[PDB]
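So this one's my_file_35.cif, mmCIF, C-alpha atoms:
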data_model
#
loop_
_atom_site.group_PDB
_atom_site.id
_atom_site.type_symbol
_atom_site.label_atom_id
_atom_site.label_comp_id
_atom_site.auth_asym_id
_atom_site.auth_seq_id
_atom_site.Cartn_x
_atom_site.Cartn_y
_atom_site.Cartn_z
ATOM 1 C CA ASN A 99 112.377 58.867 131.746
ATOM 2 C CA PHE A 100 111.451 56.466 128.948
ATOM 3 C CA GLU A 101 107.819 56.580 130.061
ATOM 4 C CA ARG A 102 107.929 60.383 130.232
ATOM 5 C CA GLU A 103 109.314 60.768 126.700
ATOM 6 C CA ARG A 104 106.380 59.202 124.852
ATOM 7 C CA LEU A 105 103.930 61.054 127.092
ATOM 8 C CA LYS A 106 105.515 64.397 126.212
ATOM 9 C CA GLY A 107 105.382 63.423 122.544
ATOM 10 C CA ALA A 108 101.669 62.666 122.758
ATOM 11 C CA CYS A 109 101.175 65.940 124.642
ATOM 12 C CA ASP A 110 102.777 67.930 121.829
ATOM 13 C CA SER A 111 100.709 66.001 119.279
ATOM 14 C CA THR A 112 97.376 66.689 120.975
ATOM 15 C CA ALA A 113 98.354 70.333 121.505
ATOM 16 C CA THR A 114 99.000 70.740 117.779
ATOM 17 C CA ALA A 115 95.701 69.033 116.946
ATOM 18 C CA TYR A 116 93.753 71.305 119.300
ATOM 19 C CA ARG A 117 95.454 74.384 117.847
ATOM 20 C CA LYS A 118 94.552 73.331 114.307
ATOM 21 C CA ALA A 119 90.918 72.637 115.197
ATOM 22 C CA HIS A 120 90.609 75.994 116.972
ATOM 23 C CA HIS A 121 92.036 77.856 113.991
ATOM 24 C CA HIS A 122 89.686 76.029 111.624
ATOM 25 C CA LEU A 123 86.581 76.899 113.642
ATOM 26 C CA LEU A 124 87.656 80.529 113.970
ATOM 27 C CA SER A 125 88.214 80.684 110.210
ATOM 28 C CA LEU A 126 84.750 79.287 109.517
ATOM 29 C CA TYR A 127 83.098 81.816 111.820
ATOM 30 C CA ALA A 128 85.055 84.755 110.405
ATOM 31 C CA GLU A 129 84.206 83.783 106.830
ATOM 32 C CA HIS A 130 80.495 83.417 107.557
ATOM 33 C CA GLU A 131 80.420 86.719 109.435
ATOM 34 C CA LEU A 132 82.184 88.647 106.671
ATOM 35 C CA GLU A 133 79.918 87.168 103.999
ATOM 36 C CA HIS A 134 76.737 87.913 105.941
ATOM 37 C CA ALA A 135 77.913 91.446 106.737
ATOM 38 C CA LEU A 136 78.829 92.205 103.124
ATOM 39 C CA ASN A 137 75.721 90.726 101.505
ATOM 40 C CA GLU A 138 73.030 92.092 103.834
ATOM 41 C CA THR A 139 74.022 95.570 105.028
ATOM 42 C CA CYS A 140 76.221 98.339 103.577
ATOM 43 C CA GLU A 141 74.010 99.169 100.599
ATOM 44 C CA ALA A 142 73.857 102.975 100.660
ATOM 45 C CA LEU A 143 77.596 102.860 99.986
ATOM 46 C CA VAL A 144 76.841 101.151 96.670
ATOM 47 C CA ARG A 145 74.424 103.825 95.466
ATOM 48 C CA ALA A 146 76.738 106.592 96.688
ATOM 49 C CA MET A 147 79.629 105.080 94.736
ATOM 50 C CA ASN B 99 69.245 136.635 60.155
ATOM 51 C CA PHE B 100 72.046 138.827 61.494
ATOM 52 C CA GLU B 101 69.963 139.430 64.616
ATOM 53 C CA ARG B 102 69.284 135.700 64.982
ATOM 54 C CA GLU B 103 72.991 134.826 64.751
ATOM 55 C CA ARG B 104 74.148 136.546 67.941
ATOM 56 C CA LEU B 105 71.014 135.241 69.656
ATOM 57 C CA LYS B 106 71.951 131.641 68.860
ATOM 58 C CA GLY B 107 75.488 132.364 70.042
ATOM 59 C CA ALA B 108 74.240 133.587 73.413
ATOM 60 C CA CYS B 109 71.912 130.572 73.490
ATOM 61 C CA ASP B 110 74.806 128.127 73.197
ATOM 62 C CA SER B 111 76.737 130.154 75.777
ATOM 63 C CA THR B 112 73.995 130.046 78.408
ATOM 64 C CA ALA B 113 73.400 126.366 77.620
ATOM 65 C CA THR B 114 76.998 125.395 78.337
ATOM 66 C CA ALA B 115 77.007 127.585 81.459
ATOM 67 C CA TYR B 116 73.898 125.863 82.821
ATOM 68 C CA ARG B 117 75.382 122.451 82.042
ATOM 69 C CA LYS B 118 78.615 123.293 83.862
ATOM 70 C CA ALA B 119 76.751 124.598 86.913
ATOM 71 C CA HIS B 120 74.541 121.504 87.079
ATOM 72 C CA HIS B 121 77.542 119.186 86.849
ATOM 73 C CA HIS B 122 79.334 121.105 89.599
ATOM 74 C CA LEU B 123 76.350 120.916 91.952
ATOM 75 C CA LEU B 124 75.893 117.199 91.303
ATOM 76 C CA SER B 125 79.586 116.537 91.925
ATOM 77 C CA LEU B 126 79.542 118.429 95.218
ATOM 78 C CA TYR B 127 76.468 116.537 96.410
ATOM 79 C CA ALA B 128 77.866 113.140 95.427
ATOM 80 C CA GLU B 129 81.189 113.828 97.141
ATOM 81 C CA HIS B 130 79.551 114.974 100.372
ATOM 82 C CA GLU B 131 77.198 111.991 100.333
ATOM 83 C CA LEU B 132 79.961 109.436 99.797
ATOM 84 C CA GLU B 133 82.108 110.975 102.532
ATOM 85 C CA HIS B 134 79.265 111.130 105.057
ATOM 86 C CA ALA B 135 78.131 107.591 104.185
ATOM 87 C CA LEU B 136 81.599 106.080 104.523
ATOM 88 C CA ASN B 137 82.651 107.907 107.691
ATOM 89 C CA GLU B 138 79.557 107.214 109.799
ATOM 90 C CA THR B 139 78.056 103.844 108.859
ATOM 91 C CA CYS B 140 79.615 100.612 107.535
ATOM 92 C CA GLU B 141 81.694 99.825 110.614
ATOM 93 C CA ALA B 142 80.829 96.158 111.191
ATOM 94 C CA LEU B 143 82.522 95.399 107.875
ATOM 95 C CA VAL B 144 85.739 96.808 109.344
ATOM 96 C CA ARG B 145 85.771 94.394 112.278
ATOM 97 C CA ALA B 146 84.724 91.548 109.975
ATOM 98 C CA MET B 147 87.689 92.239 107.699
#

Could you write out this structure as structure tokens?
Amino acid sequence: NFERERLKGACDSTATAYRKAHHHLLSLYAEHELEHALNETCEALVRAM
Amino acid sequence: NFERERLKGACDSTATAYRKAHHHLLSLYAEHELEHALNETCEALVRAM
């Protein structure tokens, strides 16, 4: 049981780290995509407005 | 001069009528264009946001 406790602790730690890294990468991709979609296309909307 | 007076009155009248009609046409066109340009295109921005 003592050996299992620290292993479960490390498991939770690495799970949290993986979650954080995943969220960070997804955020980077979403930001780049929104910027590139707002700067390049959707221009007739500007002249219409 | 009395004949010129009513002429200038009718001149201002037809001028303001033409101006109103032009503004109305331009407004209708701009509204239709904005609606048709927002409803159809600019959809990738929605998924980006």

- [ ] Could you list the residues in chain A lying within 8 Å of chain B, using all atoms listed in the file, and format the result as a PyMOL selection string?
- [x] chain A and resi 128+131-132+135-136+139-140+142-143+146-147

Please write out, as JSON, where the centre of an axis-aligned box around all listed atoms of segment 140-144 of chain A lies and how long its edges are, in Å to one decimal, after adding 8 Å on each side.
{"center_x": 75.7, "center_y": 100.7, "center_z": 100.1, "size_x": 19.7, "size_y": 20.6, "size_z": 22.9}

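One distance worth recording is that between atom CA of residue 138 of chain A and atom CA of residue 126 of chain A, which is 18.3 Å.
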
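Here atom CA of residue 124 of chain B stands at a distance of 20.2 Å from atom CA of residue 111 of chain B.
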
Task: Two-atom distance - atom CA of residue 100 of chain B, atom CA of residue 114 of chain B (Å) - done: 22.1 Å

Start from the incomplete input, build N, CA, C and O atoms for segment 115-141 of chain B, and deliver everything as an mmCIF file, in the frame of the given file.
data_model
loop_
_atom_site.group_PDB
_atom_site.id
_atom_site.type_symbol
_atom_site.label_atom_id
_atom_site.label_comp_id
_atom_site.auth_asym_id
_atom_site.auth_seq_id
_atom_site.Cartn_x
_atom_site.Cartn_y
_atom_site.Cartn_z
ATOM 1 N N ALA B 115 76.867 127.117 80.085
ATOM 2 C CA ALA B 115 77.007 127.585 81.459
ATOM 3 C C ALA B 115 76.091 126.812 82.401
ATOM 4 O O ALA B 115 76.513 126.386 83.486
ATOM 5 N N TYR B 116 74.832 126.623 81.999
ATOM 6 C CA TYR B 116 73.898 125.863 82.821
ATOM 7 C C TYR B 116 74.378 124.432 83.011
ATOM 8 O O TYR B 116 74.289 123.873 84.111
ATOM 9 N N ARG B 117 74.886 123.819 81.940
ATOM 10 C CA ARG B 117 75.382 122.451 82.042
ATOM 11 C C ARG B 117 76.535 122.361 83.033
ATOM 12 O O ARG B 117 76.577 121.458 83.881
ATOM 13 N N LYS B 118 77.484 123.296 82.939
ATOM 14 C CA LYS B 118 78.615 123.293 83.862
ATOM 15 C C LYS B 118 78.153 123.452 85.305
ATOM 16 O O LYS B 118 78.627 122.739 86.200
ATOM 17 N N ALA B 119 77.226 124.381 85.550
ATOM 18 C CA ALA B 119 76.751 124.598 86.913
ATOM 19 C C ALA B 119 76.055 123.357 87.460
ATOM 20 O O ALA B 119 76.264 122.975 88.622
ATOM 21 N N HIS B 120 75.222 122.716 86.638
ATOM 22 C CA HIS B 120 74.541 121.504 87.079
ATOM 23 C C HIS B 120 75.538 120.408 87.421
ATOM 24 O O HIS B 120 75.404 119.733 88.453
ATOM 25 N N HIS B 121 76.543 120.209 86.564
ATOM 26 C CA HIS B 121 77.542 119.186 86.849
ATOM 27 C C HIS B 121 78.278 119.484 88.146
ATOM 28 O O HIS B 121 78.546 118.575 88.939
ATOM 29 N N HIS B 122 78.617 120.754 88.377
ATOM 30 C CA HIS B 122 79.334 121.105 89.599
ATOM 31 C C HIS B 122 78.496 120.812 90.837
ATOM 32 O O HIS B 122 78.995 120.241 91.817
ATOM 33 N N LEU B 123 77.218 121.200 90.812
ATOM 34 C CA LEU B 123 76.350 120.916 91.952
ATOM 35 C C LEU B 123 76.240 119.418 92.200
ATOM 36 O O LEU B 123 76.335 118.958 93.349
ATOM 37 N N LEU B 124 76.026 118.641 91.136
ATOM 38 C CA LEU B 124 75.893 117.199 91.303
ATOM 39 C C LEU B 124 77.165 116.592 91.876
ATOM 40 O O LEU B 124 77.105 115.712 92.744
ATOM 41 N N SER B 125 78.326 117.054 91.408
ATOM 42 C CA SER B 125 79.586 116.537 91.925
ATOM 43 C C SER B 125 79.738 116.841 93.405
ATOM 44 O O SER B 125 80.139 115.970 94.188
ATOM 45 N N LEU B 126 79.435 118.077 93.806
ATOM 46 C CA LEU B 126 79.542 118.429 95.218
ATOM 47 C C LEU B 126 78.638 117.547 96.068
ATOM 48 O O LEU B 126 79.061 117.030 97.114
ATOM 49 N N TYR B 127 77.391 117.355 95.630
ATOM 50 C CA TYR B 127 76.468 116.537 96.410
ATOM 51 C C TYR B 127 76.965 115.104 96.520
ATOM 52 O O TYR B 127 76.934 114.509 97.603
ATOM 53 N N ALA B 128 77.413 114.526 95.404
ATOM 54 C CA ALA B 128 77.866 113.140 95.427
ATOM 55 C C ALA B 128 79.074 112.971 96.336
ATOM 56 O O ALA B 128 79.162 111.994 97.089
ATOM 57 N N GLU B 129 80.013 113.917 96.285
ATOM 58 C CA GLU B 129 81.189 113.828 97.141
ATOM 59 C C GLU B 129 80.799 113.889 98.611
ATOM 60 O O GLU B 129 81.245 113.063 99.420
ATOM 61 N N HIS B 130 79.972 114.873 98.979
ATOM 62 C CA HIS B 130 79.551 114.974 100.372
ATOM 63 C C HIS B 130 78.830 113.712 100.817
ATOM 64 O O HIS B 130 79.049 113.221 101.932
ATOM 65 N N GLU B 131 77.966 113.170 99.957
ATOM 66 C CA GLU B 131 77.198 111.991 100.333
ATOM 67 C C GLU B 131 78.102 110.790 100.545
ATOM 68 O O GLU B 131 77.946 110.056 101.526
ATOM 69 N N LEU B 132 79.056 110.569 99.637
ATOM 70 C CA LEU B 132 79.961 109.436 99.797
ATOM 71 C C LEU B 132 80.794 109.576 101.061
ATOM 72 O O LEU B 132 80.972 108.604 101.806
ATOM 73 N N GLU B 133 81.310 110.778 101.326
ATOM 74 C CA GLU B 133 82.108 110.975 102.532
ATOM 75 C C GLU B 133 81.284 110.695 103.782
ATOM 76 O O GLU B 133 81.714 109.949 104.671
ATOM 77 N N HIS B 134 80.088 111.282 103.865
ATOM 78 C CA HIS B 134 79.265 111.130 105.057
ATOM 79 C C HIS B 134 78.718 109.717 105.208
ATOM 80 O O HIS B 134 78.405 109.306 106.330
ATOM 81 N N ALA B 135 78.596 108.967 104.114
ATOM 82 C CA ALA B 135 78.131 107.591 104.185
ATOM 83 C C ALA B 135 79.249 106.604 104.471
ATOM 84 O O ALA B 135 78.975 105.503 104.956
ATOM 85 N N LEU B 136 80.494 106.957 104.170
ATOM 86 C CA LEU B 136 81.599 106.080 104.523
ATOM 87 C C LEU B 136 82.113 106.342 105.930
ATOM 88 O O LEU B 136 82.537 105.400 106.610
ATOM 89 N N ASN B 137 82.079 107.594 106.386
ATOM 90 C CA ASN B 137 82.651 107.907 107.691
ATOM 91 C C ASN B 137 81.774 107.400 108.828
ATOM 92 O O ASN B 137 82.287 106.914 109.842
ATOM 93 N N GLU B 138 80.454 107.502 108.685
ATOM 94 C CA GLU B 138 79.557 107.214 109.799
ATOM 95 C C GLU B 138 79.179 105.737 109.875
ATOM 96 O O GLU B 138 79.471 105.068 110.871
ATOM 97 N N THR B 139 78.538 105.216 108.836
ATOM 98 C CA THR B 139 78.056 103.844 108.859
ATOM 99 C C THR B 139 79.084 102.922 108.205
ATOM 100 O O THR B 139 80.196 103.336 107.869
ATOM 101 N N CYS B 140 78.712 101.655 108.020
ATOM 102 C CA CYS B 140 79.615 100.612 107.535
ATOM 103 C C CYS B 140 80.856 100.503 108.423
ATOM 104 O O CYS B 140 81.981 100.789 108.011
ATOM 105 N N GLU B 141 80.621 100.088 109.666
ATOM 106 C CA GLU B 141 81.694 99.825 110.614
ATOM 107 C C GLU B 141 81.822 98.359 110.991
ATOM 108 O O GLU B 141 82.919 97.924 111.348
#
